[PDB]
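# Quick one, what's the 3D model for this:
(chains A, B, C, D, E, F, G, H, I, J and K, ligands or ions: 8)
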Amino acid sequence: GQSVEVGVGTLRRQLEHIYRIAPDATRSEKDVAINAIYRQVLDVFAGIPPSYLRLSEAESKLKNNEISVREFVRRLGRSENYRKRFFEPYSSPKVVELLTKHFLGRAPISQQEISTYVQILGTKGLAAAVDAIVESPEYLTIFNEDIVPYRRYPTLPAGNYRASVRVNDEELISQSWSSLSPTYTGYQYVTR
Amino acid sequence: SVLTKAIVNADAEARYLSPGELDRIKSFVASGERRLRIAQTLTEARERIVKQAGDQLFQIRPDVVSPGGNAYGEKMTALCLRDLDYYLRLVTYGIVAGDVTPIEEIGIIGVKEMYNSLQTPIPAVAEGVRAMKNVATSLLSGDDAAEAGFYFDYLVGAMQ
Amino acid sequence: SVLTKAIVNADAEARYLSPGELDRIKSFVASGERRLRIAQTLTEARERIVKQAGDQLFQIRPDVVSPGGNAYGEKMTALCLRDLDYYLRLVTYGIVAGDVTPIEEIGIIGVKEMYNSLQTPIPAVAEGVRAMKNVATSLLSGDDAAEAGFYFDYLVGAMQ
Amino acid sequence: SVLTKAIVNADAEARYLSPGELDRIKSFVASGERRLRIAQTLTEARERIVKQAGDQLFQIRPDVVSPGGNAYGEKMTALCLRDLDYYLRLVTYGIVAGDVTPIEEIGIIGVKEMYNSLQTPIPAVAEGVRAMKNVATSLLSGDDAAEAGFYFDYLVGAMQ
Amino acid sequence: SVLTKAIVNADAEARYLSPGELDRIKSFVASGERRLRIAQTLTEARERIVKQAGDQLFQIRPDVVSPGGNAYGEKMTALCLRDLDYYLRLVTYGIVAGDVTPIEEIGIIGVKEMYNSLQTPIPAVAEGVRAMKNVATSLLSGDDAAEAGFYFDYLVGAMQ
Amino acid sequence: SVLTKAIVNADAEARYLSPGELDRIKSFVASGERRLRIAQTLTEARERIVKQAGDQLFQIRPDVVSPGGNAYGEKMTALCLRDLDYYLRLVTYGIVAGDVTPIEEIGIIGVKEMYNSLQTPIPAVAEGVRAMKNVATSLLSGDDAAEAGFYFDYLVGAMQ
Amino acid sequence: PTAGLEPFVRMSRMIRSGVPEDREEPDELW
Amino acid sequence: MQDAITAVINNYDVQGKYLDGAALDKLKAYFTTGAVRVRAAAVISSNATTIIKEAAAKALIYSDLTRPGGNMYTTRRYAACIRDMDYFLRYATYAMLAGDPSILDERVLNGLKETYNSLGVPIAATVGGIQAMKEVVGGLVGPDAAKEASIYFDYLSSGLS
Amino acid sequence: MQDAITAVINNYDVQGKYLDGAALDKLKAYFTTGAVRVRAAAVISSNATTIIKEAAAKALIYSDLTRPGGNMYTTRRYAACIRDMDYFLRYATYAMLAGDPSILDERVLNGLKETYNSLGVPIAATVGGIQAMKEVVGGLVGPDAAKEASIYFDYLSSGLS
Amino acid sequence: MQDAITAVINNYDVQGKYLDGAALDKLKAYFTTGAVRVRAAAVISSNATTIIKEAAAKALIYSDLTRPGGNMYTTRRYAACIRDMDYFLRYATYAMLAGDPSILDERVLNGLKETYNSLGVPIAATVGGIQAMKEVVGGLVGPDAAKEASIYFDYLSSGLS
Amino acid sequence: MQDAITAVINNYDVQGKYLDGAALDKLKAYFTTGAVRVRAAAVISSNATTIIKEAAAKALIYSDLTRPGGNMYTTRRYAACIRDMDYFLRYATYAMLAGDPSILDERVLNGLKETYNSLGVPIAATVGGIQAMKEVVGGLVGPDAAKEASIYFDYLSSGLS
Ligand SMILES: CCC1=C(C)/C(=C/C2=NC(=C\c3[nH]c(/C=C4\NC(=O)[C@H](C)[C@H]4CC)c(C)c3CCC(=O)O)/C(CCC(=O)O)=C2C)NC1=O
Ligand SMILES: CCC1=C(C)/C(=C/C2=NC(=C\c3[nH]c(/C=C4\NC(=O)[C@H](C)[C@H]4CC)c(C)c3CCC(=O)O)/C(CCC(=O)O)=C2C)NC1=O
Ligand SMILES: CCC1=C(C)/C(=C/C2=NC(=C\c3[nH]c(/C=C4\NC(=O)[C@H](C)[C@H]4CC)c(C)c3CCC(=O)O)/C(CCC(=O)O)=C2C)NC1=O
Ligand SMILES: CCC1=C(C)/C(=C/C2=NC(=C\c3[nH]c(/C=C4\NC(=O)[C@H](C)[C@H]4CC)c(C)c3CCC(=O)O)/C(CCC(=O)O)=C2C)NC1=O
Ligand SMILES: CCC1=C(C)/C(=C/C2=NC(=C\c3[nH]c(/C=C4\NC(=O)[C@H](C)[C@H]4CC)c(C)c3CCC(=O)O)/C(CCC(=O)O)=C2C)NC1=O
Ligand SMILES: CCC1=C(C)/C(=C/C2=NC(=C\c3[nH]c(/C=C4\NC(=O)[C@H](C)[C@H]4CC)c(C)c3CCC(=O)O)/C(CCC(=O)O)=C2C)NC1=O
Ligand SMILES: CCC1=C(C)/C(=C/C2=NC(=C\c3[nH]c(/C=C4\NC(=O)[C@H](C)[C@H]4CC)c(C)c3CCC(=O)O)/C(CCC(=O)O)=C2C)NC1=O
Ligand SMILES: CCC1=C(C)/C(=C/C2=NC(=C\c3[nH]c(/C=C4\NC(=O)[C@H](C)[C@H]4CC)c(C)c3CCC(=O)O)/C(CCC(=O)O)=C2C)NC1=O
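Numbers count the residues shown, from 1 in each chain, chains lettered A, B, ... in the order given. Ligands and ions are numbered 1, 2, ... in the order given. The relevant structure is shown in the block below.
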């Protein structure tokens, strides 16, 4: 007999949290929530950047409630720190599905969409593509003005559950973003 | 368990367990031999708490074992007493785990949709679940009866 | 506290506190009387703990009290022990609550940036805290000394 | 390079290069032979430069080369000059590229984390680089010495 | 300008200007007097330039100035040269700024929508601009004529 | 092919072919259109399959591209991928015919003796073929990927 | 001939099969 | 991506070598052709639209491709095709400025062969569209730049076939 | 993921069994070691950085790995490597608290072998980095916890090889 | 998606043909069955829940499938399964109204076989759930519509196997 | 948010004071009520729906509020209103456990008065819905806990008026 673990897990609903923020509500709570934005959006699997890219003035804008979580996420999407590390090295087709996931938690839906975003990256560039998503109906209903985005595994579109399982939490990020000094590969071993 | 719940928070914030989290694992595990012992009383009387629950349930709401009732008949009742046996089992699991993770995945998440489909009357079911508390609790010492009672009241809480 | 931490996680799944995230609170309440007592004991000997911590520190790291050292001089040393007095205070707070919570907001988040500006060697502040553990721990029963020790090792951990 | 930087901005906005971007490529390439001469001179005196930097460093910070110093000893000093040789090399790369892309990926992004692990005092590495500026700059004409100096001050800047 | 562009990129990445960014400000400002001379010459001959562009245009496209043409008639032609005067002005602005920021906000972003409404044939406006390049360029030294020419070809590019 | 194999067995017995053998031929004819299509698909991506096979190979067995390795160097590696290109070609032949036949005569009978002479490690050639299976198989539908996979595993088998 | 296979000296975004020829080794000197 | 200059820097960085005579000679060979690359880019950019129109006219339209059943039938697909053409032209102009084809691999060729197989986009017909734009480009840019522009169009087209 | 308390429940749930004597004995065997797991985690967490530093010093740096041509050459890659090290240490601490290796499979090992093959990351060298951190950990945590911490480092390292 | 009518229009559009006699005959063959399709959809829609209930009762529950170890064990998975059932019923009703199966491919079958393999969802058992709903549907809709509804349930089920 | 205990810690932290004797009296009280607050919290939770089905009955429905023109007319708005009621009950239970009303300000009252003015939601009617739930709660929880639960319902209701 199959256990509770056998179908669609049980370890993934536990692992998905919804963080909101509560304007008048503690630094620590703010921090963890803020840290999760970084983890979902720029991959950061260890969940925090060695005081990197980050958000000087970005953090004060999000807290203060000057900016709302949706907005902060949109700023984060169009930035140098992001362009380099996810669009610096990829033809026009896998960068689109990667921009999709981080911000919609998935892969491209159908062949008709490999068109809407490829033409927006075609002509208006990366910044416009980021905005196209943060403002779509799908983004809005699911995480609206203030839910930090999370991984999804959604059931519905057909084929999308298995694609989603594969794009996120099954196949990680390869390829070093920078092109500066290739890794040589003839030396697996550390004998001494 | 407490662990499954006490680690998930750790991993989600990308960190080792807190002094607090470590302390509760400590206190929890110290209450092991005893928690095991409260869950053994309840397996002893597994079919007798259930039978007794069945009766109380039908006095407080009989209509379910009547012409137009979801549990009308001998095998529509066998199924009902069987669902009460299921939930008592899950309650013993919860008590030995020290939280609901197992109880939840097995028998509350999806339970509204299941019972709505069957048009079993769910809210009658909460009362039925409540009756088991009354019987089980009369076979346990004051201290152990309370510890058990939290898990019964959880199911009653979810269920509805 | 343990309360704050439990609750904050609760409101997060739109849920009620479950039978686990109640047991920890109960443990904490019993623990709190003992926890309150340990903090009071630590508070009584504060001047001795700080001073003896300060001697233990400057033997182990004489470079901080030397020409090019952050704590070189009588009033650069006075402020250094005052900072050691600050952290002992926060450690009593952490113990009593049962959760570290407030200490983090008061004295670790931002501490790298503060001390980097002042050019204070962080890892020798971590040593000053180990030194306080050693003194404080010698004024407490084995069981209470361990319970206190977790909070000292946390601060040592956070300055890292 | 100047090329890489211009292009990446072009492609990211889905467009051909600007008059400005084209102009800087033109001014840059006109300085090619000069930039190559600046790198040659410095490559030709590399062994002299690191050492004079190394003497200037140990006078200013005799402690780094002292009991509790990161560079204390003959082979802890040998590795230290080797790191100074590394950075001079990267500075020659930067000068011929006309920007820092290469310098950055090879030796500043991650440098805080690397040296913090090794417990190397970062600001005294910045001093070693100033020391190299002083030596290298004394082997170059006024105009070429300034052009070189920008790249030295960048590295000094990034270790900060 | 070159300044605005450099700074905006600096501020957006939360940082001081790069050696590269500093270099281009320096090369740019050195060309200040020259760029100002290029704008002066063209400002000084504006009425002649617009006209010779206008002759070159109506030979190449006598239709625009024909029954079903957007510029057909004396006052539909008067407005057409006025638009050519507008763009020459913006070209002088661009040359003294060293980039297109000003040229762009004033006269290309929205230009498709404006002219589509008026039903003006965009590509023949691009021709009017080439015609102005030809005239303006014949009043400038080889080196200054090229520097000017980049800004003419930009406008020609943006109407596309 | 399937034809050659069936016939050769027929003629050896000196009797016309009989119903079964015939059934296999009929299956092969229907299969052949699909088989021809798979070979064409494999042929289209040959350069990508070989190159990515070659990377997958040298990670898994870096020793062949090392001082005492058969494929050590740029042109000892060039010939190695050329051999991988040879075997992919033979795999397309095998698929199309429906029987392995010609591939055996072309590239396995005698292969031990050839490679032993050249001192090529045979089992790492078998690995290069597995690597090609992995790449080729990711460019084919499930059903076609299996049909192709049998021929890859044959070559892997014959080098044994 | 092996000309098609030859431009495979570019490897990947950054994948070179092992050891980058002569490599300076300055540790003795330092 | 990498250009001529960073190609050399990264090749030496992995060996930890300061730039030597051979390196310095390569970089000179780039710098010495640099002004010509810039002029060529300004011609291509400013004639972009005309190059596509003349390349389509010689190699794509007036054909079964633009008729019902053809892949560039429908205004939708005709638009997608000349959109693609603009990508090729624009990126080849980047490659030629950089003096390195690496950008054509990273941002254009990677996965494109299979993308076209999956949509049904005719590969051979697309190559002719590339080699027609090259033909036009080589006329417009002149003796100075013809060979240098040409190679990155040829890089593109053997990347698909 | 699952932990010892949770695994006992799901292992029985699939059989639809009440927890029985054998189950209850297993759970006791976990609870009875619980306080020791907590103390060990507090030592590891608070010495995290020193463990990585001492593990790298014994098993990674002062070597060809950190020299030009080596995979942990460049500040970028050195940073990525000790970043990884922190993951391993941190997750092993989770596995040891949970008393179950399932999290090491779900969130660390799955696909990692091939990820390292694809980037060129030396596997054998990474295992030594794991087994050096174990060595340090086993000293710091003491008799009580040494064997229990150790196994999840050994789980990690036979997961790569 | 496409229906009967747009199937014909697009088949002629690619040839650039005005609709001819053969086309017009096909469209008539659709229009002439149209009123019956509508009535059938109103029966299915308004009996939706009962069809699922009777189909599950004949082909899924009272079995190992609903017992521990079974894929429709847990209220979670039981809910997911009858949720799926509702999709099938609802889309088959769309296909039958449209008189074209193309929507069943575009929005239901594409990737579903492998999705079920990846989760462990039993394919053969799901087909029986489809062919049981067909059985119920064919009774409820009557002689007029029985054959026409039935085919799109059969389309669904040979799409999985 | 803050509770009894962190209210005291933060009040002393801003003065940089170690906890002194009177402060410690205050912590002793909270641990004395910790048993009853927990038992009481449980009771409310499982009887929640019953409880809520008595406060509406005595303070909201059978009225103009539920009739056309009323703010809890339509199943949509009736659902929104008893949804709100559940928030109040649930948060008041948090406040009472914490022994501090600060959470009722941070996560419930802030902006709510104007939100209700903007939608037209009747404030006075909502207060009666709060004070009816208090009435029910005070019966169910008993002498031990009645006064302590009650105050956070009263905090909520003077927060709106
Ligand atoms: C709109 C078109 C569409 C369809 C059809 C669809 C199916 C679909 N079924 C799923 C899971 C599932 N499907 C079933 C189905 C069954 N279990 C059984 O034992 C029976 C044989 C069968 C019912 C007759 C179950 C039990 C799961 C849950 C697997 C898990 O636990 O992860 C999932 C994974 C995401 C989720 O759990 O919701 C999808 C996407 N998704 C779509 O977007
Ligand atoms: C990019 C332009 C920009 C500026 C300048 C900026 C300022 C700024 N200062 C803030 C807080 C603050 N600012 C200070 C500043 C000071 N404390 C003192 O006692 C001194 C008098 C003074 C330093 C000299 C402090 C202490 C806070 C924290 C207040 C709190 O605890 O909430 C906040 C609230 C969000 C946050 O905490 O980060 C902002 C937005 N934000 C911006 O986006
Ligand atoms: C930035 C680099 C980059 C490139 C090059 C690129 C190509 C590309 N071409 C596409 C489609 C296409 N490409 C063409 C191209 C042609 N049709 C023909 O018949 C000719 C042979 C050829 C033009 C010469 C057509 C017709 C489609 C549409 C296919 C469809 O209808 O789905 C698509 C699918 C998404 C979309 O429709 O926009 C991509 C991504 N995408 C990129 O990101
Ligand atoms: C562990 C999680 C879990 C539960 C709870 C579960 C319940 C469940 N209850 C069922 C039937 C049933 N359940 C009942 C129960 C009742 N009748 C009443 O009126 C009362 C309200 C109630 C008894 C208290 C009845 C009468 C049936 C038979 C209904 C039928 O056959 O149509 C069935 C279908 C029969 C079968 O194949 O087993 C399942 C799967 N399945 C699960 O996987
Ligand atoms: C069914 C969807 C569809 C349409 C409409 C379509 C139009 C279309 N019109 C074309 C040319 C043309 N179309 C026109 C049309 C006109 N000239 C004018 O001034 C008038 C405004 C207008 C007539 C009313 C002309 C003059 C050309 C030749 C342009 C050239 O060769 O440069 C061409 C290129 C020639 C070819 O290869 O066929 C196409 C593809 N293609 C399609 O797939
Ligand atoms: C090209 C980019 C790059 C750099 C810069 C780099 C530096 C680097 N410096 C190291 C050690 C070191 N570096 C120093 C340097 C210093 N000591 C001081 O006090 C001074 C502040 C400073 C000299 C100016 C010392 C003393 C060590 C030995 C530390 C140890 O062994 O613990 C090591 C470890 C030893 C090894 O395996 O090589 C590396 C990798 N690695 C790189 O890939
Ligand atoms: C949360 C679980 C998790 C793990 C463990 C993880 C590992 C991981 N290591 C990576 C790269 C890497 N990993 C290393 C590791 C090493 N280099 C060496 O020489 C040593 C043998 C070793 C350290 C002991 C290096 C150098 C790279 C960079 C490769 C590159 O330049 O692209 C990458 C590629 C993306 C990136 O560069 O960050 C991943 C995803 N990712 C994860 O999400
Ligand atoms: C237009 C949208 C809309 C609807 C439908 C609506 C229904 C509605 N039904 C109510 C009561 C009720 N509704 C019923 C209905 C039934 N009893 C049964 O057993 C049957 C299943 C069912 C009759 C078919 C009963 C018995 C009550 C009284 C319940 C009570 O007072 O506790 C009430 C509370 C009394 C009131 O204040 O009016 C409302 C608001 N309100 C709305 O705004």
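# what's the residue of chain G found nearest ligand 3 in contact with, if anything?
Closest approach between chain G and ligand 3, counting by C-beta to the nearest ligand atom: residue G:13, at 16.1 Å. In this view, the C-beta of every residue, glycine as well, is placed from N, C-alpha and C. Contacts here follow C-beta atoms under 8 Å, 6 or more residues apart in numbering or on different chains; on that basis residue G:13 touches A:89, A:175-176, A:179, H:106.
# One more pass at 10 Å, please.
Residues in contact with residue G:13 (C-beta atoms under 10 Å, 6 or more residues apart in numbering or on different chains) are A:88-90, A:174-179, A:182, H:1-2, H:102, H:105-106, H:110.
# thought residue H:122 was touching residue H:73?
No: judged on C-beta atoms under 10 Å, residue H:122 makes no contact with residue H:73 at a distance of 11.9 Å.
# who touches both of the two?
Contacts common to residue H:122 and residue H:73, judged by C-beta under 10 Å, 6+ apart, are residue H:65.
# can you give me phi and psi for the closest residue to residue G:18 other than its chain neighbours?
Nearest non-adjacent residue to residue G:18, counting by C-beta to C-beta, 6 or more residues apart in numbering or on different chains: residue A:186, 1.8 Å away. Per-residue torsions, residue A:186: phi -90, psi 0 (degrees, to the nearest 10).
# How much space separates residue A:186 from ligand 5?
As for residue A:186, its distance to ligand 5 is 55 Å (criterion: C-beta to the nearest ligand atom, to the nearest Å).
# Could you report the separation of the residue of chain G closest to ligand 3 from residue F:62?
Separation of residue G:13 from residue F:62 (C-beta to C-beta, to the nearest Å): 19 Å.
# How much space separates the residue sitting nearest the centre point of chain H from chain E?
The residue lying closest to the centre of chain H (C-alpha atoms, centre = their mean) is residue H:92, at 2.6 Å. The gap separating residue H:92 from chain E is 17 Å, by C-beta to the nearest C-beta, to the nearest Å.
# Helix, strand, or coil at the residue positioned nearest the centre of chain B?
Compute the mean C-alpha point of chain B, and by C-alpha atoms, centre = their mean the closest residue is residue B:91, 3.3 Å away. Here residue B:91 is helix, with the state taken from DSSP: H, G, I helix; E, B strand; the rest coil.
# Skipping adjacent residues, who's closest to it in space?
residue B:151 is the one closest to residue B:91 (C-beta to C-beta, 6+ apart), at 5.0 Å.
# cool, residue H:144 as well?
residue H:36 is the one closest to residue H:144 (C-beta to C-beta, 6+ apart), at 4.7 Å.
# okay, now that neighbour: neighbour count?
16 (other C-beta atoms under 10 Å in any protein chain shown).
# Correct me if wrong: it contacts residue D:26.
No: counting by C-beta under 10 Å, residue H:36 does not reach residue D:26; the two are 11.0 Å apart.
# where's the residue in chain G positioned nearest to ligand 4 relative to residue A:80, distance?
For chain G and ligand 4, the shortest gap (C-beta to the nearest ligand atom) falls at residue G:13, measuring 50.0 Å. Distance, residue G:13 to residue A:80, by C-beta to C-beta: 20 Å.
# Spatially central residue for chain G, please.
residue G:20 (4.1 Å).
# Tell me the secondary structure at that residue.
When the rule is three-state DSSP, residue G:20 gets the label coil.
# tell me the contacts of the nearest residue to residue A:96 once chain neighbours are set aside?
Spatial nearest neighbour of residue A:96, chain neighbours left out: residue A:117 (4.5 Å); criterion: C-beta to C-beta, 6+ apart. Residue A:117 sits next to A:92-93, A:95-97, A:99-100, A:108, A:129, A:132-133 when contact means C-beta under 10 Å, 6+ apart.
# tell me which of those residues is nearest to residue K:24?
Of all the contacts of residue A:117, residue A:133 has the smallest distance to residue K:24: 54.7 Å, by C-beta to C-beta.
# isn't there a helix covering that closest one?
Yes: read with three-state DSSP, residue A:133 is one of the residues of a helix.
# For chain J, see how far away the nearest residue in space to it that is not next to it in sequence is.
Once flanking residues are discounted, residue A:133 sits nearest to residue A:103: 5.2 Å by C-beta to C-beta, 6+ apart. Distance of residue A:103 to chain J, computed by C-beta to the nearest C-beta: 22 Å.
# Residue B:82 contacts residue B:50, correct?
Yes: the criterion here is C-beta under 10 Å, and residue B:82 meets it with residue B:50 at 8.8 Å.
# okay, those two: which has more neighbours?
residue B:50 (22 against 10).
# Who are the contact partners of that one?
Residue B:50 neighbours (C-beta under 10 Å, 6+ apart): B:81-89, B:131-132, B:135-136.
# would you list the residues you listed in CSV and tack on secondary structure?
CSV is the format used below for these (three-state DSSP):
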residue, secondary structure
B:81, helix
B:82, helix
B:83, helix
B:84, helix
B:85, helix
B:86, helix
B:87, helix
B:88, helix
B:89, helix
B:131, helix
B:132, helix
B:135, helix
B:136, helix
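# which of those tops the neighbour count?
Most neighbours among those, by other C-beta under 10 Å: residue B:136, with 27 neighbours.
# Pretty sure it sits against residue B:146.
No: with contacts counted by C-beta under 10 Å, residue B:136 stays clear of residue B:146, the gap being 11.9 Å.
# count of residues packed around residue 16?
Using chain A. 13.
# that's the wrong chain, I wanted chain H
21.
# Number of residues surrounding residue B:138?
11.
# From chain A, how far out is it?
On the measure of C-beta to the nearest C-beta, residue B:138 and chain A end up 31 Å apart.
# could you list every residue that touches that residue?
B:45, B:49, B:52, B:145.
# would the third one count as being in a helix?
Yes: checked against three-state DSSP, residue B:52 lies within a helix.
# Need phi/psi at whatever residue of chain H ends up closest to chain J.
Per C-beta to the nearest C-beta, residue H:68 is where chain H lies closest to chain J, at 4.3 Å. Main-chain torsions, residue H:68, degrees, to the nearest 10: phi -50, psi 130.
# repeat for the one 10 residues further on
Note on residue H:78: its backbone torsions stand at phi -60, psi -40 [degrees, to the nearest 10].
# In contact with it: list those residues for me.
Contacts of residue H:78 (C-beta under 10 Å, 6+ apart): H:56, H:60-61, H:65-66, H:70-72.
# tally of neighbours for the residue of chain B found nearest chain H?
Closest residue of chain B to chain H, C-beta to the nearest C-beta: residue B:14 (31.3 Å). By other C-beta under 10 Å, the residues close to residue B:14 number 18.
# before we move on, what about the one 5 residues further on?
Per other C-beta under 10 Å, the neighbour tally for residue B:19 reads 23.
# Assign the residue in chain B that chain D sits nearest to to helix, strand or coil.
Relative to chain D, the nearest point of chain B is residue B:14 (16.0 Å; C-beta to the nearest C-beta). With three-state DSSP as the basis, residue B:14 sits in coil.
# ok, the nearest residue to it once chain neighbours are set aside to residue A:14 distance?
Distances taken as C-beta to C-beta, 6+ apart place residue A:47 nearest to residue B:14, at 3.4 Å, with adjacent residues excluded. According to C-beta to C-beta, residue A:47 stands 16 Å off from residue A:14.
# need the contact list for residue A:18.
A:33, A:36, A:143, A:146-150, C:12-14.
# cutoff 6 Å now
residue A:147 (C-beta atoms under 6 Å, 6 or more residues apart in numbering or on different chains).
# what does residue H:100 give?
H:2-4, H:7.
# how about CSV for those residues, with distance to residue I:45 added?
Formatted as CSV, these follow (distance: C-beta to C-beta, whole Å):
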residue, distance to residue I:45
H:2, 42
H:3, 46
H:4, 49
H:7, 45
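# This completes my enquiry, with thanks.
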